[PDB]
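Before any questions on how it binds or moves, here is one chain, the form deposited in one PDB entry, in structure tokens.
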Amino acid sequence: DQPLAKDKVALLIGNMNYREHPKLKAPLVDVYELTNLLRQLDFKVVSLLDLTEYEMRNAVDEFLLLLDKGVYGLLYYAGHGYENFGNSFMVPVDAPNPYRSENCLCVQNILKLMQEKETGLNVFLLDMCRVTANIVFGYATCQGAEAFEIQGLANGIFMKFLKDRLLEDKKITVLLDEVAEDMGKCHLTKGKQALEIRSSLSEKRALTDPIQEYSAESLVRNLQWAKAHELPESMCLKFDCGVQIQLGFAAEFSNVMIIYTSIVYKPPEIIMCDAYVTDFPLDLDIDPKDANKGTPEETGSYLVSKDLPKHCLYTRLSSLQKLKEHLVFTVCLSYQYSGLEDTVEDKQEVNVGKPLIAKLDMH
């Protein structure tokens, strides 16, 4: 008979900007594409980029609390990893050089924590660069870039093959076995990408299984998702000179938001009219040289450009998990009247609350 999911939840972590290790590029595109594919399969997804050790530990611990009886969970990690004494570790962006196991997340410890859950299906996919829980563990490993090799937005090897099979209505073990076979058919993969599948799945479970809504347990999961996806409402700021500026917000990842400013009305007597954002909380570590760009791409934002209106100034806030209080910042306006030489200045402070992952209370 048809297997069903009580619910479907997923946590995706992509680490790229390492303080003491080579920077990676594939986790950005891989996490974004996997988020959209899992959304088509009706997963409630939280996707985080560039997490420190404590951030990673807190995110995994909170994901594990959602794993009630019958729930389908998926944890995906892309970034640096390593093996030591038969144990594999996920490397956070603040890890020292050389790698110390105390500063990394032990994959085996997470599998043991998952083993204690009564989940319908638990999928743990590691895309690293070097009474049953129904756990399926996909361990993909690739070599680090060659220092003297020639290096757009390309997918990593594993995600390239996984995205072609992930939407299939087949048992997840069968599906991953097909992925391993596709990679074995390619000669370019033969020495640069490996895949090991560990499974204790005893039932025909698939990511496409339907979901079985007003219970407290169900509401807790919906509420965590809803908070993590909450963007500030758009604001129309009215200045004394008559100029009106709209402040817009778009989501790229659960901890990455794009802010844009647009001139909605400029009185005829005003010619120059620059609106820009400033005074961001110090926790976010925003470099002002990268804020107020003429295009979203100049802020390092390539994936949500479709959902952004043109003729704005864009700013990328990419460390929202470090925001411990409300997001308070300033919108400055620098303008010049027709027939006059001096530039006039004005500003207003805005409070847009706790956006996206920050709504879950960061500590």
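Quick note: we count residues from 1 along the sequence shown, nothing fancier. If you superpose the two forms and keep the largest set of C-alpha atoms that fall within 1.5 Å, you have the rigid core.
When the other compared entries with both flanking residues are checked, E102 is modelled in all of them, not unmodelled in a third. Across the other PDB entries of this protein whose models span the neighbouring residues, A216 goes unmodelled in a third or more. Deposited sequence between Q212 and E213: 1 to 3 residues lack coordinates. The gap between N97 and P98 holds no unmodelled residues of the deposited sequence. Look at the C-alpha B-factors of 31-39 and of 290-298. On average they run higher in 290-298. Taking the PDB entry as given, 87-95 carries the higher mean Cα B factor of the two stretches 230-238 and 87-95. When the C-alpha B factors of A180, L167, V256, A154 are read from the deposited coordinates, the top value falls at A154. Highest CA B-factor among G73, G138, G144, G79, as stated in the entry: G144. Ranked by C-alpha B-factor against the other modelled residues of its chain, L340 falls in the highest third. In the PDB entry, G248 places in the lowest third of its chain by CA B-factor.
When the modelled residues of the chain are ordered by C-alpha B-factor, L360 sits in the highest third. Split the chain's modelled residues into thirds by C-alpha temperature factor. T52 is in the middle one.
When the CA B factors of the chain's modelled residues are split into thirds, the value for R316 lands in the lowest one.
Although not depicted, the form deposited in another entry is the subject of the following passage.
A displacement of less than 2 angstroms separates the C-alpha positions of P96 between this form and the one not shown, with the rigid core held in common. Taking the rigid core as fixed, one finds a CA shift for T261 smaller than 2 Å between this form and the one not shown. Annotation for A206: C-alpha shift under 2 angstroms between this form and the one not shown, rigid core superposed. Compared with the form shown here, the Cα atoms of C142 and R19 move at least 3 Å farther apart in that other deposited form. Annotation for the pair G81/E146: C-alpha atoms approach each other in that other deposited form, by 3 Å or more compared with this form.
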